[PDB]
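To start, the structure under review is shown below, and the notes come after it.
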Amino acid sequence: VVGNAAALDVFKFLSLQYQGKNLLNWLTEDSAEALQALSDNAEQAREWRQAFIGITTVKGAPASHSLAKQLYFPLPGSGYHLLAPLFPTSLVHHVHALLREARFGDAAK
RNA sequence: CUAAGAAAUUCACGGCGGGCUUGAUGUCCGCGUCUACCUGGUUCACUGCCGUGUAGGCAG
């Protein structure tokens, strides 16, 4: 999770729908699993569901920066696609977990 | 049209003081190395060489 790190309680509340449920970790479907705890009006329920779905979405516009490592890749006989590679945070956290399994812990030691 | 394009790491400094490495010792026994060969351009179209001077008597 990336952003202002003072609202970590909201991500903690939205991060319990997969540890024993089918409405927060599986909130892409299951409208019964979405309405299983709301009990409020339909407008406030729809606004809360939209706000909960907008936690793994875009920031507002597709925007790069002048300090963001853009590149040209050449096509077979034609012009170009511009390529803006990003940093794989998830993959490198997976590989840091695998390297601490392989270098440290208790069994490898 | 390249994880694209940019970039001052800087100043200064006491490593010192001491010290027993010792004692002992079997390297031994044995053996088939043969077979054959042209250094022959002028080891200079040259060192001493009538003129060093494409002319010459020139240990040719």
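Naming works like this for the structure tokens: A, B, ... for the chains as they're shown, residue 1 at the start of each chain, ligands 1 onward in shown order.
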Which chain B residues are at most 7 Å from chain A (counting only C-alpha atoms (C1' of nucleotides)), as a PyMOL selection string? chain B and resi 1+3-4
Among chain A, which residues does DSSP mark as strand (DSSP E or B) when it is run on the backbone? Keep the chain and numbering as in the structure and answer as a ChimeraX atom specification. /A:71-74,80-83
Run DSSP on the backbone and give me the residues of segment 4-108 of chain A it puts in alpha helix (DSSP H), as a compact mmCIF listing (two decimals) with C-alpha atoms, in the first residue's frame.
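What landed in selection_36.txt:
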# COMPACT_ATOMS: atom_id res chain seq x y z
CA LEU A 8 -3.40 2.67 7.68
CA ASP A 9 -6.50 1.73 9.72
CA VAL A 10 -8.63 1.95 6.56
CA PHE A 11 -6.36 -0.51 4.76
CA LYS A 12 -6.36 -2.69 7.88
CA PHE A 13 -10.17 -2.74 7.89
CA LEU A 14 -10.30 -3.48 4.15
CA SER A 31 -23.19 -8.35 -3.77
CA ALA A 32 -24.68 -10.45 -0.95
CA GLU A 33 -21.18 -10.51 0.57
CA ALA A 34 -21.08 -6.72 0.12
CA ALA A 42 -28.58 2.13 -0.63
CA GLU A 43 -26.95 5.45 -1.57
CA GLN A 44 -24.50 5.43 1.35
CA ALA A 45 -23.88 1.71 0.77
CA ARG A 46 -23.10 2.36 -2.90
CA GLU A 47 -20.78 5.26 -2.02
CA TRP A 48 -19.00 3.14 0.59
CA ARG A 49 -18.61 0.28 -1.89
CA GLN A 50 -17.19 2.69 -4.48
CA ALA A 51 -14.75 4.09 -1.90
CA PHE A 52 -13.70 0.56 -0.91
CA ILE A 53 -13.20 -0.44 -4.55
CA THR A 89 7.61 -3.68 -5.66
CA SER A 90 5.62 -6.92 -5.29
CA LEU A 91 8.10 -9.12 -7.15
CA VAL A 92 11.06 -7.71 -5.26
CA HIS A 93 9.28 -8.22 -1.92
CA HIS A 94 8.73 -11.84 -2.97
CA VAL A 95 12.41 -12.20 -3.85
CA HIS A 96 13.52 -10.57 -0.57
CA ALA A 97 11.36 -13.09 1.28
CA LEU A 98 12.94 -15.91 -0.74
CA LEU A 99 16.47 -14.60 -0.10
CA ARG A 100 15.86 -14.31 3.63
CA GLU A 101 14.56 -17.88 3.56
CA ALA A 102 17.73 -18.91 1.72
CA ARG A 103 20.28 -16.86 3.73
Please compute the atom CA of residue 79 of chain A-atom CA of residue 61 of chain A distance, one decimal, in Å.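 Going from atom CA of residue 79 of chain A over to atom CA of residue 61 of chain A, I get 25.6 Å.
With distances restricted to only C-alpha atoms, A:2 is the closest residue to residue 59 of chain A from A:109, A:2, A:41, A:83.
Counting from atom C1' of residue 59 of chain B, the distance to atom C1' of residue 46 of chain B is 13.8 Å.
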Gap from atom CA of residue 22 of chain A to atom CA of residue 88 of chain A - Å, one decimal: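 Interatomic distance, atom CA of residue 22 of chain A to atom CA of residue 88 of chain A: 27.6 Å.
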